[PDB]
Structures are given as C-alpha cells and as structure tokens.
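Worksheet for the structure shown next.
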Amino acid sequence: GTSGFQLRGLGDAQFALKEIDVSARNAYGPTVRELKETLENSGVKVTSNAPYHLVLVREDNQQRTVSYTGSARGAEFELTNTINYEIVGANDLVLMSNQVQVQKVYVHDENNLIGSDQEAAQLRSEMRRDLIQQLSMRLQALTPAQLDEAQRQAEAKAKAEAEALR
C-alpha cells in the first residue's frame with residue numbers, strides 16, 4: 001500500500017517577475033505605500049534585493065477650474081493626477097520610464113457654491129483608489145526580457161559615447 005501522493009487545489013499563479021523592490025525618489029507618499037501592499041497581496045514578493053527596481057520619482061496633483069461651458073455661472077473643478085515612476089535595473093541604470101495619470105471631475109451645484117469646494121476634498125479619498133488600480137497593471141505587462149534588453153541596449157549606448165570620444 002503506497003500513499004506517496006500529495007493533495008491538490010493550487011490556486012496560486014505564476015507571474016513574469018516574482019520579486020521586485022518598492023522604492024520612491026524624494027520623500028514618500030501613499031502611492032508607493034499602496035504599491036507595496038497591492039504587489040504583496042497579488043502574490044508578488046517585494047524585497048530590497050530585487051533585480052529590478054520600481055522607483056516613483058514624483059507625485060503631482062492638479063486642481064483647477066474648468067469654468068462653465070456657457071454664459072452661466074456653473075463651472076466645475078477638474079482633478080488630474082500624475083505619478084511618475086522609473087524602472088531601474090542594474091548599475092542604477094534606467095531601463096524604461098513612464099508616468100500614469102487619472103482625470104476626475106467634480107460636481108458643482110449652484111446651491112453647493114461653497115459646499116462644492118468643501119466636497120472636493122471628499123473625492124480625494126476615492127482618487128487614492130484610481131492611481132493604484134491602473135498603476136499596478138503596468139507591472140504585469142513588463143517581462144524579464146524587456147527589462148534585460150533595456151539594460152543591454154542602454155549599456156551599449158552609454159558606453160558607445162565613451163568609445164566615440166577620444
């Protein structure tokens with residue numbers, strides 16, 4: 001009677017990358033924080049020792065008036081968020097760089113002439129979702145091959161300039 005058999009029920013899935021470092025450049029914000037959480041909770045292990053580094057360079061957040069499309073006194077507010085990040089491989093060399101953005105608009109009522117300004121901060125709670133959901137996704141559509149080649153071609157270019165000079 002042999003019973004050298006294991007169980008089943010593997011729901012875990014494999015990804016391209018399996019380890020990645022979550023870092024930020026110049027201070028730190030919520031974005032880099034939720035990144036680490038979302039990546040960890042998606043099975044990804046985040047280490048300091050990862051071969052590829054995600055570094056978020058800056059986080060911008062635009063509040064401005066779009067004015068009313070007409071001759072009335074409506075005029076709502078629009079919010080554009082821009083999160084810049086870079087993919088650093090080896091030698092502190094940049095493999096690729098990208099920024100993600102989200103554009104929301106605020107509901108402005110005449111009765112809420114003042115309230116709309118106070119409510120505008122309430123959206124901010126939800127804006128926090130947008131960034132992470134869409135930002136994270138790029139990390140799934142990056143493959144080790146793209147990262148490896150991005151280093152290689154960069155090494156060639158950076159060094160080629162050195163060989164060209166003198």
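Labeling convention for the structure tokens: chains A, B, ... as they appear, residues from 1 per chain, ligands from 1 in order of appearance.
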List every residue of chain A that DSSP, applied to the backbone of this structure, places in strand (DSSP E), and write the result as a compact mmCIF listing (two decimals) with C-alpha atoms, in the first residue's frame.
```txt
# COMPACT_ATOMS: atom_id res chain seq x y z
CA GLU A 19 10.42 39.73 -6.79
CA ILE A 20 10.56 43.48 -7.07
CA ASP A 21 11.70 46.37 -4.86
CA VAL A 22 9.26 49.12 -3.98
CA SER A 23 11.11 52.42 -3.75
CA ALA A 24 10.43 56.12 -4.11
CA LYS A 45 7.26 39.28 -3.08
CA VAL A 46 8.92 42.56 -2.50
CA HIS A 53 13.55 48.39 -9.07
CA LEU A 54 10.37 50.43 -9.23
CA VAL A 55 11.12 53.95 -8.11
CA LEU A 56 8.44 56.65 -8.08
CA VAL A 57 10.04 59.99 -8.81
CA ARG A 58 7.24 62.45 -8.09
CA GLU A 59 3.54 62.75 -7.49
CA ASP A 60 1.64 65.74 -8.87
CA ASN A 61 -1.96 66.63 -8.26
CA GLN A 62 -3.73 69.29 -10.28
CA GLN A 63 -6.67 71.29 -9.01
CA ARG A 64 -8.00 73.97 -11.37
CA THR A 65 -11.23 75.50 -12.63
CA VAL A 66 -12.71 74.39 -15.97
CA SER A 67 -15.26 77.20 -15.92
CA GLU A 76 -16.91 72.73 -12.01
CA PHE A 77 -13.48 71.56 -10.88
CA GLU A 78 -11.18 69.07 -12.57
CA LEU A 79 -8.51 66.94 -10.99
CA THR A 80 -5.55 65.49 -12.84
CA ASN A 81 -3.15 63.27 -11.00
CA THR A 82 0.27 62.39 -12.32
CA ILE A 83 2.52 59.75 -10.78
CA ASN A 84 5.98 59.41 -12.25
CA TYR A 85 7.96 56.21 -11.94
CA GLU A 86 11.06 54.62 -13.35
CA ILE A 87 12.35 51.10 -13.87
CA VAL A 88 15.88 50.74 -12.65
CA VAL A 94 17.18 53.37 -16.20
CA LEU A 95 15.51 50.64 -18.23
CA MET A 96 12.22 52.39 -19.00
CA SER A 97 10.36 55.36 -17.60
CA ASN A 98 6.61 56.06 -17.53
CA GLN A 99 4.02 58.12 -15.70
CA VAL A 100 0.38 57.29 -15.15
CA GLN A 101 -2.48 59.71 -14.85
CA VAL A 102 -6.11 59.93 -13.82
CA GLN A 103 -8.62 62.64 -14.62
CA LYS A 104 -11.70 63.19 -12.47
CA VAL A 105 -14.23 66.00 -12.46
```
Find the residues around range 149-152 of chain A up to 12 Å (only C-alpha atoms counted), leave out those fewer than 5 positions away in its own chain, and share them as an MDAnalysis selection string. chainID A and resid 51:52 87:97 142:144 157:160
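If you look at CA of residue 27 in chain A and CA of residue 124 in chain A, they are 20.2 Å away from each other.
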So that I can see what lies close to residue 113 in chain A, please list as a PyMOL selection string the residues with an atom at most 10 Å from it, counting only C-alpha atoms and leaving out residues fewer than 5 positions away in the same chain. chain A and resi 73-76+108+118
Using DSSP assignments from the backbone, pull out every residue in range 63-159 of chain A that falls under alpha helix (DSSP H) and give it to me as an MDAnalysis selection string. chainID A and resid 115:137 144:159
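Proximity of A:107, A:136, A:25, A:4 to residue 41 in chain A, computed with only C-alpha atoms, is greatest for A:136.
Between CA of residue 132 in chain A and CA of residue 148 in chain A the interatomic distance comes to 25.4 Å.
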